[PDB]
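A.B. asks: Sequence, then the experimental structure. Questions to follow.
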Amino acid sequence: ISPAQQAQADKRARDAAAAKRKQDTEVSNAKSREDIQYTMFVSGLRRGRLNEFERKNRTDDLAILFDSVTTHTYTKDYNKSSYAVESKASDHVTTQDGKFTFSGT
Amino acid sequence: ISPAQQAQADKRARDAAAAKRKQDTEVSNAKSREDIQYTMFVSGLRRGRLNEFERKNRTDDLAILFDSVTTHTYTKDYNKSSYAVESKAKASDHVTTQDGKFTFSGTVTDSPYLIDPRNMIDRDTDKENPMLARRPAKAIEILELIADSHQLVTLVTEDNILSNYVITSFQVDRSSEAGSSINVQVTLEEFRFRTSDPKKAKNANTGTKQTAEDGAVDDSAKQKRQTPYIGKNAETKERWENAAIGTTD
Amino acid sequence: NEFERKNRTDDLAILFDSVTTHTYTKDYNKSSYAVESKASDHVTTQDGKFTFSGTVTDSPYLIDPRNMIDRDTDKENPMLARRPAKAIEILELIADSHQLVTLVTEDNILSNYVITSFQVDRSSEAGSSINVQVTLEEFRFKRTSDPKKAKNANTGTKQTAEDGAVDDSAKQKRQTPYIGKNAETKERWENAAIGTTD
Amino acid sequence: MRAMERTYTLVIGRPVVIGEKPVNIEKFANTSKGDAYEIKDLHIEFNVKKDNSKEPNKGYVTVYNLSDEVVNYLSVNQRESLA
Amino acid sequence: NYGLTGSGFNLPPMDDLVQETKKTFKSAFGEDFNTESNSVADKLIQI
Amino acid sequence: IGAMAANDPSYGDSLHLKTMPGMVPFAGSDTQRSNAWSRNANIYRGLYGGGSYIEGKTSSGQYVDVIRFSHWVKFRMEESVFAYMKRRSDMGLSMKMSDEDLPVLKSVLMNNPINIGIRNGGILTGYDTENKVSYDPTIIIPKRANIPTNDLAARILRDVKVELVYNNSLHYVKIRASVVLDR
Amino acid sequence: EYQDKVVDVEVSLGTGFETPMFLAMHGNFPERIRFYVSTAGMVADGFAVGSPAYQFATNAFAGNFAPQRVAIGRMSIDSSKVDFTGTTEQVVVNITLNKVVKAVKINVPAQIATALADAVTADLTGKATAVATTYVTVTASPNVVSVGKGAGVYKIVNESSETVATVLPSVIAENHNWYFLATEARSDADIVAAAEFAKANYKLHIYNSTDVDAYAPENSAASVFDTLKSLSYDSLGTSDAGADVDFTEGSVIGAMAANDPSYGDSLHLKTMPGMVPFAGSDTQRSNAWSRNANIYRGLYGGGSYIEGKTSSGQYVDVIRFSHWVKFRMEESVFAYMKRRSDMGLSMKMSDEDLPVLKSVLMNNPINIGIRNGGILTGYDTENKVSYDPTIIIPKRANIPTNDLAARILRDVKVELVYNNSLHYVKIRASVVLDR
Amino acid sequence: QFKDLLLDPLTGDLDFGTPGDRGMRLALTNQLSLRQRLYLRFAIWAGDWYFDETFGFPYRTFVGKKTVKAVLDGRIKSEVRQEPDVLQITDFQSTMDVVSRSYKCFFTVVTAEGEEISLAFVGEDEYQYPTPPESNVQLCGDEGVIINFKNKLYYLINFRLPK
Amino acid sequence: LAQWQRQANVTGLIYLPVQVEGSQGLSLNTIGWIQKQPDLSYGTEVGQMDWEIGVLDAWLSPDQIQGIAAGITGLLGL
């Protein structure tokens, strides 16, 4: 080894460490302010949803539009006891969280 | 068996043992050099990212280019907890972020078109006789060295730049479908986290420490011999250490 | 360059009539939890795998005798030699004995690889031939010896060794009669100094 | 060329009888027939803990698909302490 | 340890002597002295 | 003789560094060995940690393994062509100089001698990047419009030509290096 | 030849385009040009440490892109001087008869000047002579004598009856595998003569000048830089205090040599070892900038070059590219004509063979430029023009009959666009608040 | 910085030195150490050194056999990189002659230079402990304080008068 | 072409320049290679062999055609 490399390992550590300070800092402030509200427009737009699209400003109610959306699906789930109930005991059911997925470009 | 067969048996032990020494020592050399960084140029080279390819000097900053990259993908994931309520429904609680994964597929051909010497694969490749230069072979022993030494790789993609990624697996297929080339696939994940000025250093710890193993007192435990002195400045040392230090007896 | 080094008694070599594909792969794993920070030791290396597919046919095109498959194959009637049966007999013995095989490939050379599984079949198509698949994995392996290389060893606690003049009594076996090559010198001393098991 | 493979042996002897002198389990290995019941090539799982305390060191063992004769020899001696 | 003791005469292996003399050489020229495989001093000392 | 006998000539096995049991090392100094080398007088030498032959150079100058190969080519080419002429002449259909049957010799010669040479590594094949010439064997046969009438009376075919390239082994290696330091 | 070992291993050392040529004053060898790979070889040739040529060679080999092999030109010496117009130990190094390394010492300017002359006479005095006049002259007899600076503030000044304008036509004849041109004389007449020669032979001229007029007020045109600017000469001039004594020309050459011209690597902000920062104020630097006199400046937390602007005005990296295009285009077309004429099928002006030049030119020079980033390509949105190279060839129906008699093809045209680097950046912002 | 006995690059014997300073020397500069570390590594045939069967180069594999130039170059170029202080390999001119059956390659290796960490084991010391005074100088003063003042006065008298 | 194919297979160099200068039509200038060897067919008449040559870039260039630069700027679009 030689001092020339010690002046090189520091560069490798310094620049790499600088990356977290950029990415890690941005998320910190993004969570430190709850005023901003993000929204997404999947289809919908031209069938009268423009009524609320025009409400979105450029500082608080940010909106996102994709160049194209191919498919989107929505689904919910429920579960029930698999054993015969004692009898009305209609409380033997629970509601799960609904899922939503879509593909775009 | 026969006395001659003993020589044959000895060859197995030597050649097999010698093989791992070359692999093991080379890996040991890695993880010891900290002034070396590896970067892979998956894409974007011909669009903007040419600025980063010029900064690498073939000595301590190295670039990995591929003759062709068929596809690459990037997928981050998150986890969401959920607890039940007496209203026969489910609510939600804090969420977590699960690092991130990256994969890509590429090919190295034994008949290259763009032989750029700046690429670290083409360090020794002959300009005018490519197929005998063994490009497909030359890429395996360099890709494997990076992975098995646990290097922290940096990926320069056209869309974005990723850092602190560790290779997890890779494949090499010489199928008869193409031939004269190797199909390569790789996967990576985000490994999300002495010298130097005394000013910046803070209080460290080392825990309990036993007697140093490089000097006397261990020999008395290991039952060995103390190293004789080299005589210089005799009659000045011996009077003092023998009185102020003594001997282990 | 190295194929010609192989003789017919020690460094046996195997060549298949055709190899269609071969693949080589390695794996690594890392902690799935954020590290405490450099703590680059949170990774481990797995054993590399190697697999390939081949074929052995009743109508070979090359019958180079150096191949151990063709040890004693007839030159003019390859199909009566029953070559596919010759290959299987060789294959099971290598796998069963757990030999550390060495693979010579296009790019690199691999050593200390053991066979973990192989498959053989004779489908309706490609009759008069057999398709073969093999799988291998690395082996991280770690007397008459030179006293200069010897190192202190251990054998733990030991008992009476082998069926001797004393172990025979334990198993109630009758003492082995002594062959009378000489019964004048040892006899007066053997019983007086060593005694008898009783 | 070989691999590095495991090996083991398990031996069963006569019942242990305490007398008026130090006990050595070595001398009880031989059975009335002479050679003891040795078991070599059968899948075996065992766990043996040892310590420096009052309690004795105890070890556990499991054997699969034993021959009926050996099991019969242990159905007998169930009142006794085989070495 | 291996010479004359209170219980007769013993025998040292080769490796212990090699390590002892290599330690002596290390002390002679500091911890930086090379003594393995490629050193001419290694070839002299082992022989 | 014990080192060359049981070894097919087509492999091109050099005799450079083989060990000969029974022989004793040559004790002459470096100057003596250089003198004998100019004589083409090979010497058995006790090498670094061993003893082995030096070089298979004949009195004329050519390496010995070449000479065996040249003889081996002569024998097999001669028997193969003859063995085919007999078959044709033994079916009543003897070969004729009709210019429609001569070309068949392309397959006969390429079959027995030439191909067996390539599969054994004796004969080279491929292309050369600096001389720009290929190593593939070539065969040329004369047509009936060139055979002099004197030969037709004697029923002789002459002036057939063949080309081969031999695979040379390695005998010496000489490294050169220089440890320059950065500034 | 007979080889007495099956293996012979030798471990040893040592061994627009790169090689520069330094035109020096000396007599250590008879030839006009010699090549060296390290300063060590020059010492073996009797070059005294601190001598002009030695300073240039050591500086050129120390750069980040040092040339592989420097070249030394020879112009005769008649006398040499040691000037003591500044003083505090004033060690000086003399080498005579190629072996006599007599490092004269003196300590404390007439006293030191006369004292140094006295010390030399005390020597071998039977082979060299000295005389004080502030400066002291040193003269050889037929013996190689080398004088170089060891310490102190004095500076060596060699003098010769021969003229640079006449030697240069001589050195070129011996060999011409050298691209950079540098001279020791550094007089106004000598520098200008060297600049003119570099033009006709397509060489790059470099010179460092100590003139204080370089950064004088722009209205004052008295420095060399003004003369070259008027004559529209291309020569990478610059101002430095170490231009003498140390001959920092090697440092600049050390940054460009090992770098292919096709990459378009600018010299804007590169660091030159050996040079010293320019200490003039802001107004002085602005003055020198108008002169096209580049300066090495100690920057924020560092020190680096400023700009590669030649005397004419164009950036230096362009000039190397233009020369590099000239050379490769010329050899490539010729290399193809020979092949055709060497197969018996020489090229003809038949209008059926001329078009082939589209592939020949696009092959060797042009494409290699694009893959290296030297040449631009694409489209322009505001000028609406494309950057693709174009090539046009005349048809047989336009070549005058005079050319056909002489067998000459003229008026071929090519077009290129160069990729410009970045040199300055100027942010502008305004923090307006909502209401 | 690996220290070891110096080997003469010209003869191969130990570098006892010139006739004027005959003795023994240690390899100190990293260049010299690396030179001999490569020389020994390449000169010892694989397996021929007792006490270490894995050291050396396997020349027997190539010499005497029909071999491919490309394979040999890889092994030659690989053995070099086993040293932990090798920066890179600059150029490699591998050529083979078929008439004489000789093979000869050229290449160079680049290595940096390090510091000495400690001088305790080598020769000298870097400190400048003081010198005891002489005679009654300590308790009564020193004359040099007068000489320096006299010289300053004389030089100042010299300065003012133009010369 | 057959000799070139054999040489390329032996060594590895497969890329050679290809240029087509059309008359009153579009032209081409790129780097090509030999893709697939045609099939011979010895019959009564003289046969035809069709070589497939693959080319890197296949954008046709107006080049000789004049009055194209002015026309390109004439097109409107948004």
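C.D. replies: Cool, got the structure. Residues are numbered from 1 along each chain as shown, chains lettered A, B, ... in the order given.

A.B. asks: List the buried residues of stretch F:152-168.
C.D. replies: Buried residues in stretch F:152-168, counting neighbours by 16 or more other C-beta atoms under 10 Å in any protein chain shown, are found at F:164, F:165, F:166, F:167, F:168. (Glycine included, C-beta is placed from N, CA and C.)

A.B. asks: Would you confirm that the first one contacts residue F:73?
C.D. replies: Yes. Residue F:164 lies in contact with residue F:73 (C-beta atoms under 8 Å); the separation is 7.4 Å.

A.B. asks: shared neighbours, the two?
C.D. replies: Here residue F:164 and residue F:73 have residue F:117 as joint contacts, going by C-beta atoms under 8 Å, 6 or more residues apart in numbering or on different chains.

A.B. asks: Which one of the buried residues of stretch F:152-168 is nearest to chain D?
C.D. replies: residue F:167 (32.6 Å; C-beta to the nearest C-beta).

A.B. asks: and stretch D:6-16, anywhere near chain C?
C.D. replies: No. Using C-beta under 8 Å from any C-beta of the partner chain, stretch D:6-16 stays clear of chain C, coming no nearer than 9.8 Å.

A.B. asks: With respect to chain E, which of the buried residues of stretch F:152-168 is nearest?
C.D. replies: residue F:168 (34.5 Å).

A.B. asks: Nearest residue to the closest one in space, ignoring adjacent ones along the chain?
C.D. replies: Spatially, and ignoring its direct neighbours in sequence, residue F:168 is nearest to residue H:98 (4.3 Å; C-beta to C-beta, 6 or more residues apart in numbering or on different chains).

A.B. asks: what's in contact with stretch C:72-88?
C.D. replies: C:16, C:56-60, C:63, C:65, C:69-71, C:120, C:128-130, C:132.

A.B. asks: so which of those is the most crowded?
C.D. replies: Neighbour counts for those (other C-beta atoms under 10 Å in any protein chain shown) peak at residue C:69, which has 23 neighbours.

A.B. asks: which ones are touching it?
C.D. replies: Residue C:69 neighbours (C-beta under 8 Å, 6+ apart): C:14, C:15, C:56, C:83, C:86, C:87, C:90.

A.B. asks: can you do 10 Å?
C.D. replies: With contact set as C-beta atoms under 10 Å, 6 or more residues apart in numbering or on different chains, residue C:69 has these partners: C:13-17, C:56, C:60, C:63, C:81, C:83-84, C:86-87, C:89-91.

A.B. asks: For residue C:100, see how far away it is.
C.D. replies: 20 Å (C-beta to C-beta, to the nearest Å).

A.B. asks: Ignoring the adjacent residues along the chain, who's closest to the closest residue to chain B within chain I?
C.D. replies: Ranking the residues of chain I by distance to chain B (C-beta to the nearest C-beta) places residue I:12 first, at 3.0 Å. Leaving aside its sequence neighbours, residue I:12 sits nearest to residue B:131 (C-beta to C-beta, 6+ apart; 3.0 Å).

A.B. asks: Count the residues that sit near that neighbour.
C.D. replies: Using other C-beta under 10 Å, residue B:131 has 21 other residues around it.

A.B. asks: Next up, the contacts around it.
C.D. replies: Residues in contact with residue B:131 (C-beta under 10 Å, 6+ apart) are B:109-112, B:180, H:70, I:8-14.

A.B. asks: sorry, back to before: biggest separation within the contacts of stretch C:72-88, which pair?
C.D. replies: With distances taken as C-beta to C-beta, the most widely separated pair in those is C:65 and C:120, at 24.4 Å.

A.B. asks: returning to that earlier point: quick one: contacts for the residue of chain I closest to chain B?
C.D. replies: By C-beta under 10 Å, 6+ apart, the contact list for residue I:12 reads B:109-112, B:126, B:128-133, B:135, B:180, F:127, F:129.

A.B. asks: In chain D, which residue sits nearest chain I?
C.D. replies: residue D:1 (38.3 Å).

A.B. asks: Quickly note the distance from the residue positioned nearest the centre of chain H to chain A.
C.D. replies: Residue closest to the mean C-alpha point of chain H, counted by C-alpha atoms, centre = their mean, is residue H:29 at 1.7 Å. Residue H:29 is 12 Å from chain A, where distance means C-beta to the nearest C-beta, to the nearest Å.

A.B. asks: List the contacts of that residue.
C.D. replies: With the criterion set at C-beta under 10 Å, 6+ apart, residue H:29 makes contact with F:181, H:1, H:6, H:35, H:113, H:114.

A.B. asks: Distance check, it against chain G.
C.D. replies: Taken as C-beta to the nearest C-beta, the span from residue H:29 to chain G is 11 Å.

A.B. asks: quick one, strands of the chain?
C.D. replies: All of this is about chain A. Using DSSP state E, the strands assigned to chain A run over residues A:37-41, A:61-65, A:69-75, A:78-80, A:93-95, A:99-104.

A.B. asks: Not quite, go with chain H.
C.D. replies: Under DSSP E, chain H gives strands at H:88-96, H:102-111.

A.B. asks: Any part of the last one near chain G?
C.D. replies: So the one you mean is strand H:102-111. Yes. Under the criterion of C-beta under 10 Å from any C-beta of the partner chain, chain G is reached by strand H:102-111 at H:102, H:103, H:104, H:106, H:108.

A.B. asks: Could I get the CA-only coordinates of that strand as CSV?
C.D. replies: Taking C-alpha atoms only, strand H:102-111 is exported to CSV below (Å, rounded to 0.1, in the frame of the first residue of the first chain):
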residue,chain,number,x,y,z
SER,H,102,10.5,-21.6,-28.8
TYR,H,103,8.1,-19.3,-26.9
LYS,H,104,9.0,-15.9,-25.5
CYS,H,105,6.7,-13.2,-24.0
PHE,H,106,7.3,-9.7,-22.8
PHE,H,107,5.3,-7.6,-20.2
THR,H,108,5.8,-5.1,-17.4
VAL,H,109,4.2,-4.7,-14.0
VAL,H,110,3.4,-1.5,-12.1
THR,H,111,3.8,-1.3,-8.3
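
A.B. asks: list the helices and strands it packs on?
C.D. replies: Applying 3 or more C-beta pairs under 10 Å, 6 or more residues apart in numbering or on different chains; DSSP states H and E, we find strand H:102-111 packed against strand F:172-181, strand G:7-12, helix H:30-43, helix H:69-80, strand H:88-96.

A.B. asks: Deepest-packed of the ones you listed, please.
C.D. replies: helix H:30-43 (a mean of 21; mean count of other C-beta atoms under 10 Å in any protein chain shown).

A.B. asks: elements contacting that one?
C.D. replies: Looks like helix H:30-43 contacts helix E:40-46, strand F:172-181, strand G:7-12, helix H:69-80, strand H:102-111 (3+ C-beta pairs under 10 Å, 6+ apart).

A.B. asks: closest to residue D:45 out of those?
C.D. replies: Checking the helices and strands packed on helix H:30-43 against residue D:45 by C-beta to C-beta gives helix H:69-80 as the closest, at 46.2 Å.

A.B. asks: which bits of chain C sit near chain E?
C.D. replies: Counting by C-beta under 10 Å from any C-beta, chain C sits next to chain E at C:146, C:147, C:148, C:149, C:150, C:151, C:152.

A.B. asks: all strands for chain I, in order.
C.D. replies: For chain I, the strands defined by DSSP E cover I:16-20, I:28-36, I:52-55.

A.B. asks: so what strands line up beside the first one?
C.D. replies: With DSSP bridges as the test, strand I:16-20 is paired with strand I:28-36 (antiparallel).

A.B. asks: ok, now the last one?
C.D. replies: As defined by DSSP bridges, the strand partners of strand I:52-55 come to strand I:28-36 (antiparallel).

A.B. asks: Perfect, that will be all.
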